[PDB]
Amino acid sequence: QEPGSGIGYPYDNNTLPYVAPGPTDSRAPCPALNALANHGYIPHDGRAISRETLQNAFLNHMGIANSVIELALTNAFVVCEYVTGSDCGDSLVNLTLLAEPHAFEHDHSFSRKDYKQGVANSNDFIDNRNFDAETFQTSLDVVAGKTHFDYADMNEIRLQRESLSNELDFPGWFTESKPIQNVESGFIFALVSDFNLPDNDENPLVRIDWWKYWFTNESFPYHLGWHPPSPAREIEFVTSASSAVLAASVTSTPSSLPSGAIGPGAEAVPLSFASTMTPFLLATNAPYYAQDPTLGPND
């Protein structure tokens, strides 16, 4: 928001306006990174980003401590090298390369289509980076009619997404990725769980309207009563939530579910790519931005 508006006060006293990305700007398959870039907390064009810029943007404007993004940082730079062919040092070339399939970017996302989702030819691939309203809708349907949801509901959502992707993706493409996806499940509870509730730290409930605003608009739900969590969330909360989701009892099992989908998952670890392996081509679609309605500077 405009600095003088005082919208983020007293949680964020140094805000910047929202500015929609242009045809030449670089965006990622991450709703958190895109929101930061749209506000200029990280380069608005999504290029040449240092670890320290990432750390400060997250901590100061999203209430996310350094421990939370430690592994994400490592994996971002590992992928940069794999895609560009050379070490990226401390300057992430761009956000777009983060959408390199079967790496950090994984199948069965909550709001993006898979790289080879519903393609007639093996050589075809599609936009697995930009926000897809229809895909997000398949996530929202699971909790239709509710205002909040818990760990059990989230487990149902990720199960529905895995079933759909396993069925729609070109034969042989689908690859389950529970460790990374559920850290992201934890990210969601860390950022948009309802801190107004008495036992938010032990039994966090996600506010659906906050979640919708963030994902769809790629900006912050201040107009809805949201504010960065204070104190800043630490990695402890995220991995615990991740674990609680996969441990939640399932009351509805979808069909065509990949083997071992139900049950605990392994902890996320840094990625590694064989030097013999060539990267997949990146989708070249222009950056997505909210159009119904378009956002103003304070949205």
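So that there is no doubt, residue numbering starts at 1 and follows the sequence shown. Only the largest set of C-alpha atoms that superpose within 1.5 Å between the two forms is called the rigid core.
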Task: Between 270-278 and 29-37, the one whose CA atoms sit farther away in 8 other deposited structures of this protein (rigid core aligned) - done: 270-278
- [ ] Look over 254-262 and 42-50 in the entry and identify the one with the greater average Cα temperature factor.
- [x] 254-262
- [ ] With reference to the PDB entry, specify whether the mean Cα temperature factor is higher for 223-231 or for 93-101.
- [x] 223-231
Open item on the list: Maximum C-alpha temperature factor per the entry, among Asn200, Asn128, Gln181, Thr74, belongs to which one?
Closed with: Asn200
Open item on the list: Among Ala120, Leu205, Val142, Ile188, where is the Cα B factor highest in this entry?
Closed with: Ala120
Open item on the list: How does the C-alpha B factor of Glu218 compare with the rest of the chain: lowest, middle or highest third?
Closed with: lowest
- [ ] Would you mind ranking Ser26 by its C-alpha B-factor against the rest of the chain and naming the third, lowest, middle or highest?
- [x] lowest
- [ ] Ordered by C-alpha B-factor within the chain, which third holds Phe170? Give me lowest, middle or highest, please.
- [x] middle
Task: Lowest, middle or highest third - CA B-factor, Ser109 - done: lowest
Open item on the list: What third of the chain does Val192 rank in for C-alpha temperature factor, lowest, middle or highest?
Closed with: lowest
